[PDB]
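Residue numbers (the entry's author numbering), protein chains in the order written: chain d, 1 to 163, 171 to 345; chain B, 1 to 53, 62 to 106; chain A, 14 to 92, 127 to 177; chain F, 3 to 117.
The beta carbon of each residue, even a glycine, is placed where N, CA and C say it ideally should be.
First up is the structure itself, then whatever we jot down about it.
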């Protein structure tokens, strides 16, 4: 049974992460924030939640929505790093993998800044704390393929995923990196994570890979140079769409074909039919995470917490935008399942 | 973005237009609302001037700008008290935690 | 003087433009904000600093005519660096569908910017004339 | 007329919007950084005035100087002192501070006419 051996290594971690989950803003707290009508009032109201005084260093006048988002995300990352510190063995590998996605994001950001004529010194101020690694500034030697895996990326944990350098090439490299990383992490979950967490993380990673696959399939229609072979190379092999719907998406070269491919899958049909697609993807993610919190002795609770807290940071930011911009007529467009 | 204040020239010209080419139902209603609103859209003023062409253009200009939104108007008194308590706690934090 | 009536009309064309400039930005910002939301596909999150490219030569160039006492300014395509700016944010696969709406609003603002500059200059010329 | 470039002193979000519009970070030739990213609560009047002078006096190719209106309201005195025709200044609305006609020089100047 899961709880028989889970609490040997992950008892404290799971308890603390469950406390963090208890700290997620409930719909009532989101409504109270929504009632706020200025950024300083939002800061006061947000001090009453588990966010506490995270904005104590910011004066009421210096407060801005970017600072709110940055500070909430810094709190989230400090909490995640704390949970990672207490982690060991398979749990530590699980959290390292969680950070691998942000490492890939940081690689892409650094190379995009490099082609964009921004020095690495200033770009490191933008890199996520989770994705930091030693050779991060050394990877972006130049705007050529000799960078990354050729010189420095071999020392990074992303090295196995690398098996010109224009903006389009940058995005293709990033999407290939996510594809390989998601496949590798699905494999690690299947081979090394206990059964409840195994299935929960398998479902969550299937949804993540499907979100990607769908987004790439839809966006590559916009006069992109990615041929269907490259698209097939960009779609992960782990999603709920794999292999039938993934193949249909890869070959489809029109919106109607993509919609037909999605209609094949029960879990996603209806997402592309109506409403904003990203809203549907976020709602599905939140429902999956809320389900993931019903399982007690599962390390998926960590992932479910991260993607939950991350969503929270968006919501608190979106409200902070609508309050800042006086766009109150859409202040309720956030997703909150708690 | 802004209307024209209903100065003496504005009031006199609106009264004349009420019994002039601008005596149309819609134009007359707009003029009456402006008199109630103490200002008229200046595009409507130009339209009335065209209709008359009468009165001179010189006048004591005063632009009625769109009122600034009042922040916190929809706050409930309970919400106001909650914000006041949180503000008091934040003010205390500066030295209680020192 | 009858010309004052024209001034009012001029001001009207200014006022409407301001409102058409009040929108576009107003919309262009909120969709831009809604693009920070939907940040999963973004490189880092908020669209802003760390996304810009100093190597980006402006796609838009403004020409000053100086053909009369009233200064007249126009904006056109600039005469590779001259690329569509949305690609700066990862425009082929990663930009949210709302960043495109934000770009549309901000582009729609530019002709209004040129118009507003022109009307401001004409109003100042008339003010100095009267 | 050689003036063919645009200069902006603005907030990060307004600058992002202008970049999305098509304005570039540097001039087509002899490119130099033409964007000053004003930050609320972290920039004194001196810096804003210095960059305004940089864009208005030097950089002869700058036809248009787009300024977020709150930045101008911070340094309204310097803008009022400024007087030229080759470079044209235009206040534009910001994310948190929409365009405010009560802080527009044209409104006051026209009101001074009394007609």
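Within its chain, find whatever has a CB closer than 8 angstroms to the CB of residue i; leave out the 5 residues flanking it on each side and keep chain order.
i                      : result
residue 92 of chain A  : 74
residue 3 of chain d   : 303, 304
residue 144 of chain d : 171, 172
residue 11 of chain F  : 37, 38, 40, 50, 53, 54, 57, 67, 68, 69, 70, 73
Over what stretch of residues does the alpha helix (DSSP H) that includes residue i continue unbroken?
i                      : result
residue 10 of chain B  : 8 to 18
residue 30 of chain A  : 16 to 49
residue 146 of chain A : 144 to 176
residue 105 of chain d : 90 to 115
residue 3 of chain d   : 2 to 6
residue 330 of chain d : 307 to 332
residue 44 of chain B  : 42 to 52
residue 220 of chain d : 202 to 226
residue 152 of chain d : First-last for residue 152 of chain d: undefined, no H or E at that position.
residue 233 of chain d : Premise fails: residue 233 of chain d is in no alpha helix (DSSP H) and is neither H nor E.
residue 87 of chain B  : 85 to 104
residue 287 of chain d : 284 to 299
residue 52 of chain F  : 47 to 59
residue 135 of chain A : First-last for residue 135 of chain A: undefined, no H or E at that position.
residue 193 of chain d : 174 to 199
residue 45 of chain d  : 39 to 46
residue 120 of chain d : 120 to 123
residue 264 of chain d : 262 to 270
residue 111 of chain F : 107 to 113
For residue i, which residues of its own chain have a beta-carbon under 6 angstroms away from its beta-carbon, when the five flanking residues on both sides are left out?
i                      : result
residue 21 of chain d  : 300, 312
residue 70 of chain A  : 128, 129
residue 5 of chain B   : 39, 70, 72
residue 47 of chain B  : none
residue 323 of chain d : 72
residue 334 of chain d : none
residue 77 of chain F  : 47, 50, 51
residue 81 of chain F  : 74
Would you mind reading off the limits of the beta strand (DSSP E) that contains residue i?
i                      : result
residue 24 of chain d  : Careful: residue 24 of chain d lies outside any beta strand (DSSP E) and carries neither H nor E.
residue 254 of chain d : It is not in any beta strand (DSSP E) - residue 254 of chain d instead sits in the alpha helix (DSSP H) that spans 251 to 258.
residue 81 of chain d  : Where residue 81 of chain d is concerned, there is no enclosing beta strand (DSSP E), although the alpha helix (DSSP H) it sits in stretches over 65 to 85.
residue 70 of chain F  : 64 to 70
residue 91 of chain F  : 90 to 94
Give every residue of the same chain whose Cβ lies closer than 7 angstroms to the Cβ of residue i, excluding the five residues on either side of it in the sequence, and list them in chain order.
i                      : result
residue 137 of chain d : 120, 124
residue 319 of chain d : 24, 25
residue 10 of chain d  : 91, 306
residue 131 of chain d : 99, 102, 103, 105, 106
residue 49 of chain A  : 58, 59, 60
residue 99 of chain F  : 71, 72
For residue i, does the count of other Cβ atoms within 10 angstroms reach 16, so buried, or fall short, so exposed?
i                      : result
residue 277 of chain d : exposed
residue 106 of chain B : exposed
residue 386 of chain d : This structure does not reach residue 386 of chain d, given that chain d is present from 1 up to 345, and the question cannot be answered.
residue 19 of chain B  : exposed
residue 229 of chain d : exposed
residue 263 of chain d : exposed
residue 2 of chain B   : buried
residue 53 of chain B  : exposed
residue 41 of chain F  : exposed
residue 113 of chain F : exposed
residue 166 of chain A : buried
residue 103 of chain B : exposed
residue 2 of chain F   : Residue 2 of chain F lies beyond the range of chain F shown here (3 to 117); nothing can be said about it.
residue 8 of chain d   : exposed
Spell out the partners DSSP gives residue i in its beta bridges.
i                     : result
residue 74 of chain F : Answer by DSSP bridge pairing: none, since residue 74 of chain F is not bridged.
residue 75 of chain A : A/88
residue 2 of chain B  : B/73
residue 37 of chain F : F/10
residue 28 of chain F : A/70
residue 39 of chain B : B/5
Are the C-beta of residue i and some C-beta of chain E separated by less than 8 angstroms?
i                     : result
residue 27 of chain F : Although the question refers to chain E, the structure presented lacks it and instead comprises the protein chains d, B, A and F.
(request) Please determine if the segment 26 to 35 of chain F and the segment 44 to 57 of chain F are in contact, where contact requires at least 3 C-beta pairs separated by less than 8 angstroms. (result) no
(request) Flag this pair as touching only if the segment 140 to 157 of chain A and the segment 32 to 41 of chain A have three or more C-beta atom pairs under 8 angstroms; answer yes or no. (result) yes
(message) For the pair the segment 69 to 86 of chain d and the segment 143 to 152 of chain d, tell me if three or more CB-CB distances fall below 8 angstroms.
(response) no
(message) I want to know whether the segment 283 to 297 of chain d touches the segment 197 to 205 of chain d - three or more CB-CB distances under 8 angstroms.
(response) no
(request) Check whether the segment 138 to 148 of chain A touches the segment 223 to 240 of chain d, counting contact only when three or more Cβ pairs, one atom from each stretch, lie closer than 8 angstroms. (result) Touching, yes, given that three or more Cβ pairs across the two stretches are closer than 8 angstroms.
(request) Flag this pair as touching only if the segment 15 to 31 of chain B and the segment 335 to 345 of chain d have three or more C-beta atom pairs under 8 angstroms; answer yes or no. (result) no
(message) Does the segment 75 to 95 of chain B come into contact with the segment 42 to 53 of chain d, if we say contact requires no fewer than three beta-carbon pairs (one atom in each stretch) closer than 8 angstroms?
(response) yes
(message) Below 8 angstroms, how does it come out for the segment 19 to 27 of chain A and the segment 29 to 44 of chain B: are there three or more Cβ pairs, yes or no?
(response) At 8 angstroms Cβ cutoff, the stretches touch.
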